[PDB]
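Student: Please find protein.cif (mmCIF, C-alpha atoms) on the next line:
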```
data_work
loop_
_atom_site.group_PDB
_atom_site.id
_atom_site.type_symbol
_atom_site.label_atom_id
_atom_site.label_comp_id
_atom_site.auth_asym_id
_atom_site.auth_seq_id
_atom_site.Cartn_x
_atom_site.Cartn_y
_atom_site.Cartn_z
ATOM 1 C CA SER A 359 7.903 -22.046 13.853
ATOM 2 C CA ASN A 360 7.464 -25.547 15.365
ATOM 3 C CA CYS A 361 3.621 -25.316 15.208
ATOM 4 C CA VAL A 362 0.468 -25.882 13.048
ATOM 5 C CA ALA A 363 -1.063 -22.835 11.288
ATOM 6 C CA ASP A 364 -4.751 -22.823 10.218
ATOM 7 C CA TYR A 365 -4.775 -19.958 7.679
ATOM 8 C CA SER A 366 -8.532 -20.552 7.064
ATOM 9 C CA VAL A 367 -9.201 -18.921 10.500
ATOM 10 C CA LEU A 368 -7.526 -15.790 9.061
ATOM 11 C CA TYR A 369 -8.840 -15.917 5.460
ATOM 12 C CA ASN A 370 -12.527 -16.670 6.264
ATOM 13 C CA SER A 371 -12.809 -13.381 8.260
ATOM 14 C CA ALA A 372 -14.168 -10.374 6.320
ATOM 15 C CA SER A 373 -12.566 -8.126 9.048
ATOM 16 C CA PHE A 374 -9.431 -7.976 6.844
ATOM 17 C CA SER A 375 -9.931 -5.275 4.151
ATOM 18 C CA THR A 376 -7.313 -6.987 1.927
ATOM 19 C CA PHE A 377 -5.520 -10.358 2.017
ATOM 20 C CA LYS A 378 -3.377 -9.983 -1.130
ATOM 21 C CA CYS A 379 -0.962 -12.926 -1.600
ATOM 22 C CA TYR A 380 1.984 -12.734 -4.018
ATOM 23 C CA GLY A 381 3.488 -16.276 -4.402
ATOM 24 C CA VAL A 382 0.743 -18.561 -2.991
ATOM 25 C CA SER A 383 -3.082 -18.312 -3.345
ATOM 26 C CA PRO A 384 -4.841 -18.217 0.071
ATOM 27 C CA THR A 385 -7.042 -21.336 -0.526
ATOM 28 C CA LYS A 386 -3.796 -23.407 -1.007
ATOM 29 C CA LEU A 387 -2.142 -22.310 2.310
ATOM 30 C CA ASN A 388 -3.639 -25.125 4.461
ATOM 31 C CA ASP A 389 -1.971 -27.777 2.154
ATOM 32 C CA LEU A 390 1.509 -26.115 2.219
ATOM 33 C CA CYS A 391 4.328 -26.300 4.788
ATOM 34 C CA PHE A 392 7.103 -23.708 5.441
ATOM 35 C CA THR A 393 10.392 -23.269 7.360
ATOM 36 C CA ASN A 394 9.774 -19.780 8.891
ATOM 37 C CA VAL A 395 6.623 -17.611 8.553
ATOM 38 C CA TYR A 396 8.129 -14.179 9.573
ATOM 39 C CA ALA A 397 5.099 -12.119 10.642
ATOM 40 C CA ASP A 398 5.924 -8.377 10.295
ATOM 41 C CA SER A 399 3.492 -5.951 12.030
ATOM 42 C CA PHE A 400 2.979 -2.156 11.828
ATOM 43 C CA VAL A 401 0.475 0.752 11.358
ATOM 44 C CA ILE A 402 0.253 3.083 8.294
ATOM 45 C CA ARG A 403 -2.261 5.494 6.646
ATOM 46 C CA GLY A 404 -5.092 3.540 4.909
ATOM 47 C CA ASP A 405 -4.590 5.100 1.435
ATOM 48 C CA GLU A 406 -0.885 4.035 1.695
ATOM 49 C CA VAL A 407 -1.660 0.244 2.142
ATOM 50 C CA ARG B 408 -14.027 -5.173 -7.761
ATOM 51 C CA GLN B 409 -14.529 -8.957 -7.194
ATOM 52 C CA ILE B 410 -17.062 -9.058 -10.136
ATOM 53 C CA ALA B 411 -14.207 -9.720 -12.637
ATOM 54 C CA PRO B 412 -12.209 -12.761 -13.968
ATOM 55 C CA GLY B 413 -9.914 -14.632 -11.509
ATOM 56 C CA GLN B 414 -10.773 -12.545 -8.357
ATOM 57 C CA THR B 415 -11.608 -13.814 -4.813
ATOM 58 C CA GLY B 416 -13.776 -12.407 -1.945
ATOM 59 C CA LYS B 417 -17.028 -12.826 0.052
ATOM 60 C CA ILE B 418 -19.226 -13.601 -3.028
ATOM 61 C CA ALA B 419 -16.494 -15.505 -4.981
ATOM 62 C CA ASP B 420 -16.736 -18.782 -2.996
ATOM 63 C CA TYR B 421 -20.491 -18.627 -2.195
ATOM 64 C CA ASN B 422 -22.679 -16.307 -4.391
ATOM 65 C CA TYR B 423 -21.435 -15.372 -7.919
ATOM 66 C CA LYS B 424 -18.204 -15.977 -9.965
ATOM 67 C CA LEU B 425 -16.951 -15.280 -13.532
ATOM 68 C CA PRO B 426 -14.872 -17.668 -15.755
ATOM 69 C CA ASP B 427 -11.058 -17.123 -15.850
ATOM 70 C CA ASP B 428 -11.415 -16.309 -19.612
ATOM 71 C CA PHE B 429 -14.847 -14.537 -19.541
ATOM 72 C CA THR B 430 -15.734 -12.594 -22.760
ATOM 73 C CA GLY B 431 -18.057 -9.787 -21.764
ATOM 74 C CA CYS B 432 -18.641 -6.580 -19.802
ATOM 75 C CA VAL B 433 -19.355 -5.580 -16.177
ATOM 76 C CA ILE B 434 -21.463 -2.437 -15.740
ATOM 77 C CA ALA B 435 -22.170 -1.103 -12.213
ATOM 78 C CA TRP B 436 -23.351 2.000 -10.288
ATOM 79 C CA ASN B 437 -24.134 3.216 -6.741
ATOM 80 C CA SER B 438 -27.844 4.075 -7.294
ATOM 81 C CA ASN B 439 -28.550 4.117 -3.478
ATOM 82 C CA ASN B 440 -31.925 6.025 -3.726
ATOM 83 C CA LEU B 441 -33.833 2.914 -4.943
ATOM 84 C CA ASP B 442 -31.249 0.393 -3.606
ATOM 85 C CA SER B 443 -31.134 1.421 0.132
ATOM 86 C CA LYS B 444 -34.100 1.570 2.577
ATOM 87 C CA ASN B 448 -32.291 -4.296 3.693
ATOM 88 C CA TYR B 449 -34.222 -7.631 3.859
ATOM 89 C CA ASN B 450 -34.244 -8.018 0.005
ATOM 90 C CA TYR B 451 -30.431 -8.571 -0.103
ATOM 91 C CA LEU B 452 -28.299 -11.538 1.046
ATOM 92 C CA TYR B 453 -25.044 -13.538 0.739
ATOM 93 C CA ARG B 454 -23.916 -17.151 1.542
#
```
Let me see the structure of the file written as structure tokens.
Tutor:
Amino acid sequence: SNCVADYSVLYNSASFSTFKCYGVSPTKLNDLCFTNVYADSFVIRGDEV
Amino acid sequence: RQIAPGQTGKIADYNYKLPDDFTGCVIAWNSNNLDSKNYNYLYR
């Protein structure tokens, strides 16, 4: 929170194997604004993603 | 899997894209023997 988020720095990288978005489309993110982002982070088996 | 209606990816914004309501088929295979050796192939 209390910051500016350039999602194009994330989305333009091919290093992410998937970037699946479920209530916004990733090209729209830079025109939106949000209250909290809540980044959750963990490791799992690749076939389970 | 991006060569389909409404998808996004490395080619989608820069190389090749299908209409949202495309009426057609997509037919594809990993030939590899003729395909791999490469300087013939590129993306934007």
Student: Given the file shown, determine the residues that the PyMOL selection byres ((chain B) within 12 of (chain A)) selects; report them as a list in words.
Tutor: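 With the PyMOL selection byres ((chain B) within 12 of (chain A)) on this model, the match is residues 408, 409, 413, 414, 415, 416, 417, 418, 419, 420 and 421 of chain B.
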Student: Go ahead and compute the interatomic distance for CA of residue 375 (chain A) and CA of residue 399 (chain A), in Å to one decimal.
Tutor: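 The value is 15.6 Å.
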Student: What's the 9 Å shell around region 429-434 of chain B, counting only C-alpha atoms, without same-chain residues fewer than 4 positions away, as an NGL selection string?
Tutor: :B and (410-412 or 425)
Student: Can you list what the PyMOL selection byres ((chain B and resi 453) around 7) grabs from this structure, as JSON, numbers by chain?
Tutor: {"B": [418, 422, 452, 454]}
Student: For CA of residue 367 (chain A) and CA of residue 391 (chain A), quote the distance in Å rounded to one decimal.
Tutor: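 Taking CA of residue 367 (chain A) as the start and CA of residue 391 (chain A) as the end point, the length is 16.4 Å.
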Student: What is the distance, in Å and to one decimal place, between CA of residue 387 (chain A) and CA of residue 405 (chain A)?
Tutor: 27.5 Å
Student: Find the smallest box with edges along x, y and z containing every listed atom of region 440-450 of chain B, then add 6 Å on each side and report centre and edge lengths in Å to one decimal, as lines of an AutoDock Vina configuration file.
Tutor:
```
center_x = -32.7
center_y = -1.0
center_z = -0.5
size_x = 15.1
size_y = 26.0
size_z = 20.8
```
Student: Please complete region 365-391 of chain A with N, CA and C atoms and give it back as a short mmCIF file (atom, residue, chain, number, x, y, z; two decimals), in the coordinates of the input.
Tutor:
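Result written to result.cif:
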```cif
data_model
loop_
_atom_site.label_atom_id
_atom_site.label_comp_id
_atom_site.auth_asym_id
_atom_site.auth_seq_id
_atom_site.Cartn_x
_atom_site.Cartn_y
_atom_site.Cartn_z
N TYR A 365 -4.54 -21.20 8.42
CA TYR A 365 -4.78 -19.96 7.68
C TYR A 365 -6.24 -19.73 7.31
N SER A 366 -7.10 -20.75 7.33
CA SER A 366 -8.53 -20.55 7.06
C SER A 366 -9.21 -19.71 8.15
N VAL A 367 -8.72 -19.77 9.40
CA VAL A 367 -9.20 -18.92 10.50
C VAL A 367 -8.94 -17.44 10.22
N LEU A 368 -7.82 -17.13 9.55
CA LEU A 368 -7.53 -15.79 9.06
C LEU A 368 -8.40 -15.45 7.84
N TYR A 369 -8.29 -16.24 6.78
CA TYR A 369 -8.84 -15.92 5.46
C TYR A 369 -10.37 -15.85 5.42
N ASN A 370 -11.06 -16.67 6.21
CA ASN A 370 -12.53 -16.67 6.26
C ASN A 370 -13.10 -15.39 6.89
N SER A 371 -12.32 -14.63 7.67
CA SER A 371 -12.81 -13.38 8.26
C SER A 371 -12.84 -12.23 7.25
N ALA A 372 -14.00 -11.61 7.09
CA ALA A 372 -14.17 -10.37 6.32
C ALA A 372 -13.59 -9.13 7.03
N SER A 373 -13.15 -9.25 8.29
CA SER A 373 -12.57 -8.13 9.05
C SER A 373 -11.30 -7.57 8.39
N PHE A 374 -10.52 -8.41 7.71
CA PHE A 374 -9.43 -7.98 6.84
C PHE A 374 -9.97 -7.31 5.57
N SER A 375 -9.54 -6.08 5.32
CA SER A 375 -9.93 -5.28 4.15
C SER A 375 -9.24 -5.73 2.86
N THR A 376 -8.04 -6.30 2.99
CA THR A 376 -7.31 -6.99 1.93
C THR A 376 -6.49 -8.12 2.52
N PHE A 377 -6.20 -9.11 1.68
CA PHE A 377 -5.52 -10.36 2.02
C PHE A 377 -4.66 -10.78 0.82
N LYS A 378 -4.02 -9.81 0.17
CA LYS A 378 -3.38 -9.98 -1.13
C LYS A 378 -2.11 -10.83 -0.99
N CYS A 379 -2.06 -11.97 -1.67
CA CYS A 379 -0.96 -12.93 -1.60
C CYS A 379 -0.21 -13.03 -2.93
N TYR A 380 1.12 -13.04 -2.87
CA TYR A 380 1.98 -12.73 -4.02
C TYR A 380 2.84 -13.90 -4.54
N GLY A 381 2.80 -15.07 -3.91
CA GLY A 381 3.49 -16.28 -4.40
C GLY A 381 2.83 -17.60 -3.99
N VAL A 382 1.66 -17.50 -3.38
CA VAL A 382 0.74 -18.56 -2.99
C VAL A 382 -0.67 -17.98 -3.09
N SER A 383 -1.69 -18.78 -3.36
CA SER A 383 -3.08 -18.31 -3.34
C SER A 383 -3.74 -18.78 -2.04
N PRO A 384 -4.51 -17.95 -1.33
CA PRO A 384 -4.84 -18.22 0.07
C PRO A 384 -5.59 -19.53 0.32
N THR A 385 -6.37 -20.03 -0.64
CA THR A 385 -7.04 -21.34 -0.53
C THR A 385 -6.08 -22.53 -0.53
N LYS A 386 -4.85 -22.38 -1.03
CA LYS A 386 -3.80 -23.41 -1.01
C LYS A 386 -3.00 -23.46 0.30
N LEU A 387 -3.04 -22.42 1.15
CA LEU A 387 -2.14 -22.31 2.31
C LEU A 387 -2.24 -23.51 3.26
N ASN A 388 -3.44 -24.00 3.54
CA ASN A 388 -3.64 -25.12 4.46
C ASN A 388 -3.04 -26.46 3.97
N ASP A 389 -2.66 -26.59 2.70
CA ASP A 389 -1.97 -27.78 2.15
C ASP A 389 -0.45 -27.61 2.03
N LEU A 390 0.08 -26.41 2.26
CA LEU A 390 1.51 -26.12 2.22
C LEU A 390 2.19 -26.30 3.59
N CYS A 391 3.52 -26.37 3.58
CA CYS A 391 4.33 -26.30 4.79
C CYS A 391 5.61 -25.49 4.54
#
```
